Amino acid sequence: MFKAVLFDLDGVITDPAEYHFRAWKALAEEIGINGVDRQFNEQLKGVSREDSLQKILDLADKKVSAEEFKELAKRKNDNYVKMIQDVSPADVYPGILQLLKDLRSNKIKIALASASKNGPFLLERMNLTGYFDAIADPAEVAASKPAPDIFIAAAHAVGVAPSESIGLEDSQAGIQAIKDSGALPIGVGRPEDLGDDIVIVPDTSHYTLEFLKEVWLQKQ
């Protein structure tokens, strides 16, 4: 039996998309650039902040100095942080509150393995703090996804080996990270996106304790 479960934040527990959208819309209104609408945002999924901005600049063939580029990206981060004040328990994906409760109930360790500098705060905002046993520090990490680094850390943080854990992810860099760390991955999202050799669910509503158990045993 598995002894821990390692969660990414974005894509698994909550959908940050709307909040990154409001942050980028605010920025583009404020520097007079047309085109940053929902459909345009969609093609920023798991795209670097710096890469994100260049795309936005490109919408107007805009050229800025190196100092202005970094100043503008910070200002977006600031808007993002004003925005997430509105995050709440309604933001929690489906099946996740019940799972965390079933995981705590059966004494199975629960850890966050996310790259977000706002992890602890977001969880507090979502009333999920009591359920978490540890939170991997993204600053202490050497390399990022698809590195196995963040996941090893989370696992050791709750006192288990990666080989004793199931990892949950929506991105394939994440899947790869979980694959290389030793944990058993179970992704969520479309197969076309994530790969052949892992177990996948259409959405988080499928992440139940009963089901994680079945898989874990099937894999053994």
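Residue indices: 1-based, along the sequence shown.
Of the two stretches 138 to 146 and 110 to 118, which shows the higher Cα B-factor on average in the entry? The entry gives the higher C-alpha B-factor average to 138 to 146.
Mean CA temperature factor from the deposited coordinates, higher in 96 to 104 or in 75 to 83? According to the entry, 75 to 83 carries the higher average C-alpha B-factor.
Options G35, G46, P162, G187 - largest CA temperature factor per the record: Out of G35, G46, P162, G187, the record gives the largest C-alpha B-factor to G46.
Chain-relative CA temperature factor third for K213: Within its chain, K213 is a middle-third residue by C-alpha B-factor, going by the deposited values.
Position of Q172 among the chain's modelled residues by C-alpha B-factor, lowest, middle or highest third: Within its chain, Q172 is a highest-third residue by C-alpha B-factor, going by the deposited values.
Can you tell me which third, lowest, middle or highest, the CA B-factor of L194 falls into for its chain? For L194, whose C-alpha B-factor we compare with every modelled residue in the chain, the answer is the highest third.
Among the modelled residues of its chain, does the C-alpha B-factor of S181 lie in the lowest, middle or highest third? Tercile = middle for this residue's CA B-factor.
Looking at the entry's B-factor column for C-alpha atoms only, identify whether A17 ranks in the lowest, middle or highest third of its chain. It belongs to the middle third of the chain when residues are ordered by C-alpha B-factor.
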